[PDB]
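Participant: sequence unknown, structure follows:
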């Protein structure tokens, strides 16, 4: 068995150089047949193979990216590296390093994958969300969490005590900033007589907002 | 580039059902060394992909025998018998023969459910937001099935596409429904030049659109 | 071009 673990910058701006590192354990990359590929998942969707490095330093690249990609290794540090020059927003993705052995190894396939590392290409600055209350048998309330960067934000209701009947939607990019929303449904008789509060945390800006939903 | 076309892209099943995913390549994926490097990967929610099947039909160690793969040339199939919750996720076929290595688009294996009409709720901009000079109108379309849905915004009867932002949840873990959020964003000044704001949802559960509306002056 | 497998 094997373990791989990617690390990267998290965020960088277009035209800059992305440097990814992969730390591996449980096998020796210098062993005959061993190699490692880099894969990415652009946005939340699809998978794209980028490059591969073999135990003997032989290297193969996605031909359309060849001019921007460099893969290398340092077995003495149990690390593999990928560099991508001149990144642009289309390079925003989760990046995975994966073991893919070939013969003499019997299993020629991507048998062990790292947990992946998120990369965002953007020139946005760190920005706390604005949080707006959404007020009108069961009644539906919500909160609009608008204009933050970067991801993620978390959302709970009544500090987590209100967990049923909640829908929290995935963030979307709106003007180089993220926006998300969350709805919750409670028995009509309980609101507004009992308070309902959406708790929004944005760790990157060290901010929390606890927005009470009030009538009107 | 070897195009890998998966069919279907979404596959709703009941627990216990068999599920079948087809993969068709734009060219023969056999390698000049005689081997056919076609693999299948599963990406569960919140996880990285993991290997299921290599060289067409070989199960990777630890993969239950209810998974099987077959095919040759350009046509391949993954079959999953006795579907259970742990099998739900995105399935990709992949070819490792020709550079660049390529994946299928991914087939989402999901749960089947009785149809349910969306519960629709519309919200005017909050007074707090109006203070800042912006105005978002939010429409939530919640707990519906199947997943396919269309939302239209009308302002004073006029259709509006710019300023609209839509987001969709993954299938709900407790009731297998889907939900959608649609937000229409304007400047305050623009918002105040119109009265009626409407979101209209079309979903297979009714020939009649579900319409929610409010008037600004209320 | 084929991926190297030996």
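Facilitator: It's in. Residues are numbered from 1 along each chain as shown, chains lettered A, B, ... in the order given.
Participant: three-state assignment of the residue of chain A positioned farthest from its centre?
Facilitator: Distance from the centre of chain A peaks at residue A:189, with 39.9 Å (CA atoms, centre = their mean). What DSSP: H, G, I helix; E, B strand; the rest coil gives for residue A:189 is helix.
Participant: Going along the chain, name the helices of chain B.
Facilitator: Using DSSP state H, the helices of chain B run over residues B:127-131, B:188-191.
Participant: Redo those as a markdown table? Include mean neighbour count.
Facilitator: Quick note: C-beta positions are derived from backbone N, CA and C, even for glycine. Shown next, in a markdown table, are the helices of chain B (neighbours: other CB atoms under 10 Å in any protein chain shown):
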| stretch | mean neighbour count |
| --- | --- |
| helix B:127-131 | 14 |
| helix B:188-191 | 15 |
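Participant: quick revisit: how far away is the residue farthest from the centre of chain A from residue A:138?
Facilitator: The spacing between residue A:189 and residue A:138, counted by CB to CB, to the nearest Å, is 10 Å.
Participant: Kindly report the same for residue A:76.
Facilitator: Taking CB to CB, one finds residue A:76 at 62 Å from residue A:138.
Participant: And these two? Which one has more around it.
Facilitator: residue A:138 (11 against 7; other CB atoms under 10 Å in any protein chain shown).
Participant: so what's the more buried one up against?
Facilitator: The contact partners of residue A:138, by CB atoms under 8 Å, 6 or more residues apart in numbering or on different chains, come to A:165, A:185, A:186, A:187, A:188.
Participant: Show me the chain divided up by domain.
Facilitator: Going with chain A. Here the domain assignment for chain A is A:1-123, A:124-207, based on curated CATH domains.
Participant: Please refer instead to chain B.
Facilitator: B:1-113, B:115-214.
Participant: Endpoints of the last one, how far apart?
Facilitator: End-to-end distance for domain B:115-214: 28 Å, by CA to CA, to the nearest Å.
Participant: Name the residues of stretch B:4-12 that are buried.
Facilitator: Residues B:4, B:6, B:11, B:12 are the ones in stretch B:4-12 that count as buried (16 or more other CB atoms under 10 Å in any protein chain shown).
Participant: typo on my end, it should be stretch B:55-69
Facilitator: Those would be B:55, B:56, B:57, B:58, B:59, B:60, B:63, B:67, B:68, B:69, for stretch B:55-69 by 16+ other CB under 10 Å.
Participant: now check that stretch, is it near chain C?
Facilitator: No: judged by CB under 8 Å from any CB of the partner chain, stretch B:55-69 stays clear of chain C, getting no closer than 10.5 Å.
Participant: who touches that stretch?
Facilitator: Identification of contacts with stretch B:55-69 by CB under 8 Å, 6+ apart yields A:107-109, A:111, B:35-40, B:51-54, B:70-72, B:76-82.
Participant: let's see it at 7 Å
Facilitator: By CB atoms under 7 Å, 6 or more residues apart in numbering or on different chains, the residues outside stretch B:55-69 that reach it are A:107, A:109, A:111, B:35-38, B:40, B:51-54, B:70-71, B:76-82.
Participant: I only care about those that end up buried; give me the PyMOL line for that.
Facilitator: With 16+ other CB under 10 Å as the criterion, this PyMOL line picks the buried residues out of the contacts of stretch B:55-69:
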select buried, (chain A and resi 107+109+111) or (chain B and resi 35+36+37+38+40+51+52+53+54+71+76+77+78+80)
